[PDB]
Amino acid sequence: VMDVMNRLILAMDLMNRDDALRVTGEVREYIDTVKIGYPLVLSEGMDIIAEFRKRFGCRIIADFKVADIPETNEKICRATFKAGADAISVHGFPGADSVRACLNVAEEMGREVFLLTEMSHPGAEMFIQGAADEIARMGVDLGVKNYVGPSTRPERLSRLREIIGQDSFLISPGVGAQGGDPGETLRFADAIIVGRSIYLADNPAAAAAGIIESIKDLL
């Protein structure tokens, strides 16, 4: 599995290149893995991935939550990996053929898929929660190794860890702004994803250092 420094992944959802580069540079001593999603990519272009690699040499997870039919999923993955992303996130709810399409491209291109199981926001309870255990099991059957699950529901995150096993890699958003606790989340997740608590801070470096101090005994 990827070796994420300090078990902390920055969710870089600022939408201006200058601010995104500044904040990421400020926390680079603490974080070597950055999640870049559509807020930044649709604002600044896929070349933002290139710029991050050039400036910081951080791993990049393209958080695109791929959720189309298999043929379109393949195209999205190909374009994303062409641009230099190490990994891409994929929704499981559109079913196994859609996930397999992404896995096939990732295999061909030597990159990784992260399967999004249950989401962290309140609306996730309407439809996603009820499907999440089966989505996780589907991922295991398909050979998925990397997963995303919610910091905001420790009981659900624990169950998802059970389903995927200790050998699978699990990252977890919802820490800080959405209410999840870093230490508690790391009981189950390999790494926590943190966005606003860092990037909206007066001193993002101090914010990251503070989170790390709070989980020091967990590495």
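Position 1 is the first residue in the sequence shown; the rest follow in order.
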Exercise. Output the stretch having the higher mean C-alpha B factor in the entry; the candidates are 61 to 69 and 42 to 50.
Key: 42 to 50
Self-check item: 102 to 110 set against 144 to 152, stretch whose average Cα temperature factor tops the other in the entry
Solution: 102 to 110
Quiz item: Considering only modelled residues of the same chain, in which third does the CA B-factor of residue 157 rank: lowest, middle or highest?
Solution: middle
Exercise. Within this chain's modelled residues, let me know which third the CA B factor of residue 4 belongs to: lowest, middle or highest.
Key: middle
Quiz item: Should residue 16 be placed in the lowest, middle or highest third of its chain by the C-alpha B factor in the entry?
Solution: highest
Self-check item: Ranked against its chain, the third holding the CA B-factor of residue 204
Solution: middle
Quiz item: What third of the chain, by the recorded C-alpha B-factor, contains residue 10?
Solution: lowest
